[PDB]
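Read the structure below first, then the notes.
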Amino acid sequence: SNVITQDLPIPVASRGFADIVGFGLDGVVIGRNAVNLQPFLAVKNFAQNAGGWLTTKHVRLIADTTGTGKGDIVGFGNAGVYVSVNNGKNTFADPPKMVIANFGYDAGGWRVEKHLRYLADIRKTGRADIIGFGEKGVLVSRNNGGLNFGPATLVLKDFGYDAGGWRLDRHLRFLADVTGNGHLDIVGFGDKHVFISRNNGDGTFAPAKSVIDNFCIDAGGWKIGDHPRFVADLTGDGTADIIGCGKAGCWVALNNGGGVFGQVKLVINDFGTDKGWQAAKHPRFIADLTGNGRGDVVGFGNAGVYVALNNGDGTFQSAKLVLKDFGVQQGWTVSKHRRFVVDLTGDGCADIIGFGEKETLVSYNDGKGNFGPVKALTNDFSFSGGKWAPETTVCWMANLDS
Ligand SMILES: CC(=O)N[C@@H]1[C@@H](O)[C@H](O[C@@H]2O[C@H](CO)[C@H](O)[C@H](O[C@@H]3O[C@H](CO)[C@@H](O)[C@H](O)[C@H]3NC(C)=O)[C@H]2O)[C@@H](CO)O[C@H]1O
Ligand SMILES: CC(=O)N[C@@H]1[C@@H](O)[C@H](O[C@@H]2O[C@H](CO)[C@H](O)[C@H](O[C@@H]3O[C@H](CO)[C@@H](O)[C@H](O)[C@H]3NC(C)=O)[C@H]2O)[C@@H](CO)O[C@H]1O
Ligand SMILES: CC(=O)N[C@@H]1[C@@H](O)[C@H](O[C@@H]2O[C@H](CO)[C@H](O)[C@H](O[C@@H]3O[C@H](CO)[C@@H](O)[C@H](O)[C@H]3NC(C)=O)[C@H]2O)[C@@H](CO)O[C@H]1O
Ligand SMILES: CC(=O)N[C@@H]1[C@@H](O)[C@H](O[C@@H]2O[C@H](CO)[C@H](O)[C@H](O[C@@H]3O[C@H](CO)[C@@H](O)[C@H](O)[C@H]3NC(C)=O)[C@H]2O)[C@@H](CO)O[C@H]1O
Ligand SMILES: CC(=O)N[C@@H]1[C@@H](O)[C@H](O[C@@H]2O[C@H](CO)[C@H](O)[C@H](O[C@@H]3O[C@H](CO)[C@@H](O)[C@H](O)[C@H]3NC(C)=O)[C@H]2O)[C@@H](CO)O[C@H]1O
Ligand SMILES: CC(=O)N[C@H]1[C@H](O[C@@H]2[C@@H](O)[C@H](O)O[C@H](CO)[C@@H]2O)O[C@H](CO)[C@@H](O)[C@@H]1O
């Protein structure tokens, strides 16, 4: 189940060779997954010191906007959305083209503090539409090919800042197939209910439906940051289940099809605030560590990397330390360093990659959820005196080849 969340707006293939994309100070640096990693400056734009880009005002992502199966550089900037197409041959277009005068800080009054902006193929046509949770609800710009985007259209008066009272500090809004039709639907962790809105197929979304009375700020006491929540396929049927890291551990509600969810159950007695897990220090992720199509729980704790394996049915084995690195004890801080759990080897078993203090480090999956010795991939993409500070730079893992 390919999903889109606030922390990871770019879906990464469970089986593939994830590339490094770094919106750095001077422009976009590409670290193509290859035998000899050689990061290069591809576009002199989308940057703090090239185009005047700011993490506080702008959004920078990767998506296939043309339908060639190549990942393009996309930037929600001031006057609109800019796209540097992947021209193949390891080159990106420079300068980019502005494909639409909306979804911008100036053009549209879009705010990182209030609104969300995603790129998703919600029509399943092979290229990414623009989907934004704005002021009055959900706005969609349909991708008509050739970088021609239709006007931003309000397709659902909900999940908005001024449409249902949605807040970044209280609520969560993801895209995921929860019905089982292969089409991304809207999933919203509101105040008292987890809601879903069905993808109607025509680029619009059905009125919100309350489906869970849990996983929310006023239903179970789930707080932003402290208790992270995730949409993921935990059974292998392609639908998104729901899993959160609460107080006493991880709670799961299983997708029973059509957006109907089973009862919320405690499946792992770990990864929660009761056992020291904190938002500021201990990032958690759902990834497939065994290549069976089921998401396992991965956590970067104090002493290093802990993993709880999925039994295959949404039930889990107990969490255990699998790596003595990438933790607090090894100098890792959320404020300065990045960490991702993605397949780098094409075996469908997620590997670990950390953008650390002075080097980008890696740990490969043996194919069964065990991890080998840490190797240094490059000196690039590391914090390095603020050369790659998260405040000014944005690092993503992405599949430039789709
Ligand atoms: C009336 C007025 O002066 N308003 C100010 C805005 O103009 C200003 O936005 C900057 O506006 C530029 C056009 O006047 C331009 O759109 C610029 O966007 C940048 O444009 C370049 C060239 O196309 C592009 O390469 C670059 O990527 C792009 N950067 C971003 C982030 O979009 C825009 O920033 C605004 C900010 O200074 O302040 C307003 O007062
Ligand atoms: C800080 C403050 O008090 N100001 C608030 C306004 O920011 C807020 O605004 C805006 O309302 C507009 C209608 O008067 C409009 O809905 C606007 O949204 C935008 O709508 C256009 C289409 O009409 C769309 O193209 C664009 O993408 C969309 N932008 C966003 C971000 O959704 C909206 O910002 C106002 C509520 O109306 O409340 C004020 O207090
Ligand atoms: C008193 C207290 O401690 N609890 C307050 C919450 O009740 C309150 O939440 C609002 O509760 C409503 C109950 O009828 C409702 O669930 C509302 O959620 C909104 O519901 C509509 C459909 O009815 C839906 O379209 C919309 O998307 C949804 N919005 C969200 C964000 O969930 C809910 O906000 C809360 C905020 O007022 O304050 C609590 O203190
Ligand atoms: C130090 C101490 O003992 N403090 C007590 C708290 O631990 C306790 O909080 C709650 O503990 C519950 C188990 O005893 C449980 O973990 C609960 O989490 C919530 O549990 C419900 C199901 O019971 C679940 O639906 C919900 O999703 C889940 N929420 C989260 C975010 O995990 C937890 O709040 C407190 C109240 O019982 O009492 C303290 O004395
Ligand atoms: C000017 C100065 O003295 N700065 C100090 C920082 O350098 C220091 O950070 C640590 O920097 C080290 C420089 O060699 C090193 O990069 C270290 O990174 C850790 O390296 C180990 C061994 O390869 C690796 O296993 C681990 O994963 C890795 N951790 C990270 C986050 O990359 C880094 O912690 C800082 C903390 O002591 O203090 C500064 O004063
Ligand atoms: C967040 C985390 O890693 N918690 C795990 C736990 O915690 C560490 C301890 O290993 C260490 O001794 O103290 C630090 C605080 O200074 C953390 O609390 O270790 C548990 C297993 O022993 C594990 O279940 C927790 O998830």
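Each chain of the structure tokens is named A, B, ... in the order shown, its residues numbered from 1; ligands are numbered from 1 in display order.
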Using only C-alpha atoms and all ligand atoms, find each residue of chain A with at least one atom at most 12 Å away from an atom of ligand 3; report its shortest atom-to-atom pair and that distance in Å (one decimal), sort the rows by chain and rising residue number, and return the result as a Markdown table.
| residue | atom | partner | partner_atom_place_in_ligand_line | distance |
| --- | --- | --- | --- | --- |
| A:133 | CA | ligand 3 | 27 (O) | 11.9 |
| A:136 | CA | ligand 3 | 27 (O) | 11.3 |
| A:137 | CA | ligand 3 | 27 (O) | 9.5 |
| A:138 | CA | ligand 3 | 27 (O) | 11.4 |
| A:156 | CA | ligand 3 | 25 (O) | 10.3 |
| A:157 | CA | ligand 3 | 25 (O) | 8.3 |
| A:158 | CA | ligand 3 | 27 (O) | 5.4 |
| A:159 | CA | ligand 3 | 27 (O) | 5.4 |
| A:160 | CA | ligand 3 | 27 (O) | 7.8 |
| A:161 | CA | ligand 3 | 31 (C) | 8.6 |
| A:162 | CA | ligand 3 | 31 (C) | 9.9 |
| A:163 | CA | ligand 3 | 27 (O) | 7.1 |
| A:164 | CA | ligand 3 | 26 (C) | 4.0 |
| A:165 | CA | ligand 3 | 31 (C) | 5.1 |
| A:166 | CA | ligand 3 | 31 (C) | 4.4 |
| A:167 | CA | ligand 3 | 31 (C) | 7.1 |
| A:168 | CA | ligand 3 | 31 (C) | 10.0 |
| A:169 | CA | ligand 3 | 31 (C) | 10.9 |
| A:170 | CA | ligand 3 | 31 (C) | 8.0 |
| A:171 | CA | ligand 3 | 31 (C) | 6.6 |
| A:172 | CA | ligand 3 | 31 (C) | 9.0 |
| A:173 | CA | ligand 3 | 31 (C) | 10.0 |
| A:186 | CA | ligand 3 | 27 (O) | 11.5 |
| A:187 | CA | ligand 3 | 27 (O) | 10.7 |
| A:188 | CA | ligand 3 | 32 (O) | 7.9 |
| A:189 | CA | ligand 3 | 32 (O) | 7.0 |
| A:190 | CA | ligand 3 | 32 (O) | 3.5 |
| A:191 | CA | ligand 3 | 32 (O) | 4.1 |
| A:192 | CA | ligand 3 | 16 (O) | 5.1 |
| A:193 | CA | ligand 3 | 32 (O) | 6.2 |
| A:194 | CA | ligand 3 | 32 (O) | 7.8 |
| A:195 | CA | ligand 3 | 27 (O) | 7.5 |
| A:196 | CA | ligand 3 | 27 (O) | 9.6 |
| A:197 | CA | ligand 3 | 27 (O) | 10.1 |
| A:206 | CA | ligand 3 | 25 (O) | 11.5 |
| A:207 | CA | ligand 3 | 25 (O) | 8.0 |
| A:208 | CA | ligand 3 | 25 (O) | 6.2 |
| A:209 | CA | ligand 3 | 25 (O) | 8.2 |
| A:210 | CA | ligand 3 | 22 (C) | 8.1 |
| A:211 | CA | ligand 3 | 22 (C) | 11.9 |
| A:212 | CA | ligand 3 | 32 (O) | 11.5 |
| A:213 | CA | ligand 3 | 16 (O) | 10.0 |
| A:214 | CA | ligand 3 | 32 (O) | 11.6 |
| A:215 | CA | ligand 3 | 32 (O) | 11.5 |
| A:216 | CA | ligand 3 | 32 (O) | 8.7 |
| A:217 | CA | ligand 3 | 39 (C) | 8.4 |
| A:218 | CA | ligand 3 | 4 (N) | 6.1 |
| A:219 | CA | ligand 3 | 4 (N) | 9.1 |
| A:220 | CA | ligand 3 | 3 (O) | 11.9 |
| A:221 | CA | ligand 3 | 3 (O) | 10.5 |
> DSSP on the backbone: what in segment 304-396 of chain A comes out helix (DSSP H, G or I), as a PyMOL selection string?
Replying inline: chain A and resi 328-330+384-386
> If we count only C-alpha atoms, what is near residue 128 of chain A at a cut-off of 6 Å, once residues fewer than 5 positions away on the same chain are taken out, given as a PyMOL selection string?
Replying inline: chain A and resi 64-65+119-121
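Here the question is which of A:101, A:243, A:122, A:47 gets nearest to residue 391 of chain A using only C-alpha atoms, and that residue is A:47.
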> Hey, which residues come within 6 Å of ligand 5 if we count only C-alpha atoms and all ligand atoms? Could you give them as a list in words?
Replying inline: residues 325, 326, 330, 331, 332, 356, 357 and 358 of chain A
>> Hey, which residues sit close to ligand 4? Say within 10 Å, counting only C-alpha atoms and all ligand atoms, and write them as a count of residues only.
In response: 32
>> Measuring between only C-alpha atoms and all ligand atoms, which one of A:393, A:360, A:302, A:68 shows the shortest distance to ligand 6?
In response: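 Selected residue with least distance to ligand 6: A:302.
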>> At a cut-off of 6 Å around ligand 2, and using only C-alpha atoms and all ligand atoms, what residues come up? Please write them as a PyMOL selection string.
In response: chain A and resi 102-103+108-110+134-136+152
Write out as a PDB file with C-alpha atoms, in the first residue's frame each polymer residue (protein, DNA or RNA) that has an atom no more than 6 Å from ligand 1, with only C-alpha atoms and all ligand atoms counted.
ATOM      1  CA  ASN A  45      17.105  26.665  -7.877  1.00  0.00           C
ATOM      2  CA  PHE A  46      14.616  25.469  -5.230  1.00  0.00           C
ATOM      3  CA  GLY A  51      15.540  31.347  -5.845  1.00  0.00           C
ATOM      4  CA  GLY A  52      14.981  32.448  -2.261  1.00  0.00           C
ATOM      5  CA  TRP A  53      13.337  29.241  -1.065  1.00  0.00           C
ATOM      6  CA  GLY A  77       6.928  28.494  -4.099  1.00  0.00           C
ATOM      7  CA  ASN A  78       5.608  32.055  -4.067  1.00  0.00           C
ATOM      8  CA  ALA A  79       3.927  32.781  -7.402  1.00  0.00           C
TER       9      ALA A  79
END
>> If I take atom CA of residue 320 of chain A and atom CA of residue 230 of chain A, how far is one from the other in Å, to one decimal?
In response: 20.4 Å
Sort by chain and increasing residue number a table of all residues of chain A within 7 Å of ligand 6, each with its closest pair of atoms and their distance in Å to one decimal, counting only C-alpha atoms and all ligand atoms, and write it as JSON lines.
{"residue": "A:270", "atom": "CA", "partner": "ligand 6", "partner_atom_place_in_ligand_line": "26 (O)", "distance": 5.4}
{"residue": "A:271", "atom": "CA", "partner": "ligand 6", "partner_atom_place_in_ligand_line": "26 (O)", "distance": 5.4}
{"residue": "A:275", "atom": "CA", "partner": "ligand 6", "partner_atom_place_in_ligand_line": "25 (C)", "distance": 5.1}
{"residue": "A:276", "atom": "CA", "partner": "ligand 6", "partner_atom_place_in_ligand_line": "1 (C)", "distance": 4.3}
{"residue": "A:277", "atom": "CA", "partner": "ligand 6", "partner_atom_place_in_ligand_line": "1 (C)", "distance": 4.0}
{"residue": "A:278", "atom": "CA", "partner": "ligand 6", "partner_atom_place_in_ligand_line": "1 (C)", "distance": 6.8}
{"residue": "A:282", "atom": "CA", "partner": "ligand 6", "partner_atom_place_in_ligand_line": "1 (C)", "distance": 6.2}
{"residue": "A:301", "atom": "CA", "partner": "ligand 6", "partner_atom_place_in_ligand_line": "3 (O)", "distance": 3.4}
{"residue": "A:302", "atom": "CA", "partner": "ligand 6", "partner_atom_place_in_ligand_line": "3 (O)", "distance": 3.9}
{"residue": "A:303", "atom": "CA", "partner": "ligand 6", "partner_atom_place_in_ligand_line": "10 (O)", "distance": 5.5}
{"residue": "A:304", "atom": "CA", "partner": "ligand 6", "partner_atom_place_in_ligand_line": "3 (O)", "distance": 7.0}
Filtering to N, CA and C atoms, could you give me those residues as a short mmCIF file (atom, residue, chain, number, x, y, z; two decimals), in the first residue's frame?
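Output below, filename selection_18.cif:
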data_model
loop_
_atom_site.label_atom_id
_atom_site.label_comp_id
_atom_site.auth_asym_id
_atom_site.auth_seq_id
_atom_site.Cartn_x
_atom_site.Cartn_y
_atom_site.Cartn_z
N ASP A 270 5.79 -1.74 23.25
CA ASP A 270 6.99 -0.92 23.15
C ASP A 270 6.77 0.21 22.15
N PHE A 271 7.82 1.01 21.94
CA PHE A 271 7.80 2.16 21.02
C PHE A 271 6.93 3.32 21.49
N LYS A 275 7.80 3.75 27.64
CA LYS A 275 9.14 3.16 27.59
C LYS A 275 10.18 4.13 27.04
N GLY A 276 9.96 5.42 27.27
CA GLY A 276 10.97 6.43 27.00
C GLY A 276 10.98 7.03 25.61
N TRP A 277 10.09 6.57 24.74
CA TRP A 277 10.04 7.09 23.38
C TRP A 277 9.47 8.51 23.32
N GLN A 278 10.27 9.43 22.81
CA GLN A 278 9.90 10.84 22.76
C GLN A 278 10.01 11.40 21.35
N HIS A 282 13.27 10.30 19.31
CA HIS A 282 13.17 8.92 18.87
C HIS A 282 12.18 8.67 17.73
N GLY A 301 15.69 4.35 18.74
CA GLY A 301 15.63 4.63 20.17
C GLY A 301 16.90 5.22 20.72
N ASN A 302 17.08 5.09 22.04
CA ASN A 302 18.28 5.60 22.68
C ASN A 302 19.53 4.83 22.28
N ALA A 303 19.49 3.51 22.46
CA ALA A 303 20.66 2.66 22.24
C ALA A 303 20.86 2.28 20.78
N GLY A 304 19.91 2.65 19.92
CA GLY A 304 20.00 2.34 18.51
C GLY A 304 18.68 1.95 17.89
#
> Contacts of segment 86-90 of chain A at 10 Å or less, counting only C-alpha atoms, minus same-chain residues fewer than 5 places along, as a list in words?
Replying inline: residues 30, 32, 40, 42, 63, 64, 65, 66, 68, 69, 70, 71, 72, 73, 400 and 401 of chain A
Emit the selected residues as a PDB file, in the first residue's frame, including N, CA and C atoms.
ATOM      1  N   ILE A  30      21.642  15.783  -6.371  1.00  0.00           N
ATOM      2  CA  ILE A  30      21.132  14.436  -6.570  1.00  0.00           C
ATOM      3  C   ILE A  30      22.181  13.394  -6.196  1.00  0.00           C
ATOM      4  N   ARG A  32      22.227   9.850  -6.723  1.00  0.00           N
ATOM      5  CA  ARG A  32      21.629   8.697  -7.382  1.00  0.00           C
ATOM      6  C   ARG A  32      22.210   7.401  -6.828  1.00  0.00           C
ATOM      7  N   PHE A  40      25.711  15.372  -7.307  1.00  0.00           N
ATOM      8  CA  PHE A  40      25.984  16.504  -8.184  1.00  0.00           C
ATOM      9  C   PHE A  40      24.864  17.533  -8.100  1.00  0.00           C
ATOM     10  N   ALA A  42      22.208  19.493  -9.631  1.00  0.00           N
ATOM     11  CA  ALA A  42      21.416  19.300 -10.846  1.00  0.00           C
ATOM     12  C   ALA A  42      20.665  20.556 -11.278  1.00  0.00           C
ATOM     13  N   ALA A  63       7.964  14.094  -7.578  1.00  0.00           N
ATOM     14  CA  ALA A  63       6.849  13.321  -8.120  1.00  0.00           C
ATOM     15  C   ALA A  63       6.947  13.232  -9.641  1.00  0.00           C
ATOM     16  N   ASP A  64       6.333  12.203 -10.219  1.00  0.00           N
ATOM     17  CA  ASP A  64       6.261  12.097 -11.673  1.00  0.00           C
ATOM     18  C   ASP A  64       5.109  12.956 -12.180  1.00  0.00           C
ATOM     19  N   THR A  65       5.447  14.083 -12.796  1.00  0.00           N
ATOM     20  CA  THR A  65       4.436  15.020 -13.267  1.00  0.00           C
ATOM     21  C   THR A  65       4.111  14.838 -14.750  1.00  0.00           C
ATOM     22  N   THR A  66       4.932  14.065 -15.453  1.00  0.00           N
ATOM     23  CA  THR A  66       4.771  13.909 -16.896  1.00  0.00           C
ATOM     24  C   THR A  66       4.190  12.552 -17.283  1.00  0.00           C
ATOM     25  N   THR A  68       6.260   9.735 -17.453  1.00  0.00           N
ATOM     26  CA  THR A  68       7.314   8.995 -18.139  1.00  0.00           C
ATOM     27  C   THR A  68       7.922   7.931 -17.233  1.00  0.00           C
ATOM     28  N   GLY A  69       7.524   7.937 -15.965  1.00  0.00           N
ATOM     29  CA  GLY A  69       8.076   7.011 -14.992  1.00  0.00           C
ATOM     30  C   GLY A  69       9.346   7.559 -14.369  1.00  0.00           C
ATOM     31  N   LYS A  70       9.539   8.866 -14.509  1.00  0.00           N
ATOM     32  CA  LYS A  70      10.696   9.549 -13.947  1.00  0.00           C
ATOM     33  C   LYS A  70      10.239  10.522 -12.864  1.00  0.00           C
ATOM     34  N   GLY A  71      11.021  10.635 -11.793  1.00  0.00           N
ATOM     35  CA  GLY A  71      10.711  11.569 -10.726  1.00  0.00           C
ATOM     36  C   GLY A  71      11.180  12.976 -11.051  1.00  0.00           C
ATOM     37  N   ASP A  72      10.256  13.932 -11.014  1.00  0.00           N
ATOM     38  CA  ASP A  72      10.575  15.326 -11.305  1.00  0.00           C
ATOM     39  C   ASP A  72      10.711  16.139 -10.024  1.00  0.00           C
ATOM     40  N   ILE A  73      11.420  17.262 -10.106  1.00  0.00           N
ATOM     41  CA  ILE A  73      11.573  18.144  -8.952  1.00  0.00           C
ATOM     42  C   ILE A  73      10.423  19.144  -8.880  1.00  0.00           C
ATOM     43  N   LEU A 400      13.819   8.007  -8.249  1.00  0.00           N
ATOM     44  CA  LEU A 400      13.866   8.809  -9.471  1.00  0.00           C
ATOM     45  C   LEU A 400      13.455   7.991 -10.695  1.00  0.00           C
ATOM     46  N   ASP A 401      13.549   6.669 -10.580  1.00  0.00           N
ATOM     47  CA  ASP A 401      13.054   5.764 -11.613  1.00  0.00           C
ATOM     48  C   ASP A 401      11.800   5.044 -11.123  1.00  0.00           C
TER      49      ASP A 401
END
>> Could you check the closest approach to residue 22 of chain A for each of A:398, A:377, A:254, A:297 and tell me which residue wins, using only C-alpha atoms?
In response: A:398
>> DSSP on the backbone, strand (DSSP E or B) only: what residues of segment 147-362 of chain A does that give? Format it as a PyMOL selection string.
In response: chain A and resi 149+153-156+172-176+185-189+194-197+199+205+209-212+216+219-220+229-232+241-245+250-253+255+261+265-268+284-287+296-300+305-308+310+316+320-323+338-342+351-355+360-362
> Looking at A:225, A:96, A:314, A:354, which one is nearest to residue 378 of chain A, with distances taken over only C-alpha atoms?
Replying inline: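 Smallest distance to residue 378 of chain A is found for A:354.
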>> Neighbouring residues of residue 43 of chain A were defined as those with any atom within 8 Å, considering only C-alpha atoms; residues of the same chain fewer than 3 positions away were excluded. Please report them as an MDAnalysis selection string.
In response: chainID A and resid 27:29 46 84 92:95
> From the list A:327, A:259, A:126, A:145, which residue is nearest residue 242 of chain A when using only C-alpha atoms?
Replying inline: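 Under the stated criterion, the closest residue is A:259.
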> For residue 324 of chain A, which residue out of A:367, A:295, A:146, A:372 is the nearest one, using only C-alpha atoms?
Replying inline: A:372
Skip residue 390 of chain A itself and residues of its chain fewer than 4 positions away, then list as a CSV table (one decimal) with C-alpha atoms, in the first residue's frame all residues within 10 Å of it, counting only C-alpha atoms.
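Saved to out.csv:
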chain,number,residue,atom,x,y,z
A,23,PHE,CA,17.4,20.6,-1.6
A,24,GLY,CA,20.6,22.2,-0.4
A,55,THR,CA,11.2,25.8,4.6
A,334,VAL,CA,16.1,15.0,15.3
A,335,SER,CA,16.9,18.7,15.0
A,336,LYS,CA,20.1,18.2,13.0
A,337,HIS,CA,20.1,14.7,11.4
A,338,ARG,CA,17.7,12.8,9.1
A,383,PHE,CA,24.9,18.5,8.7
A,386,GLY,CA,24.9,23.8,8.9
A,394,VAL,CA,15.4,19.5,2.8
A,395,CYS,CA,16.5,15.9,2.3
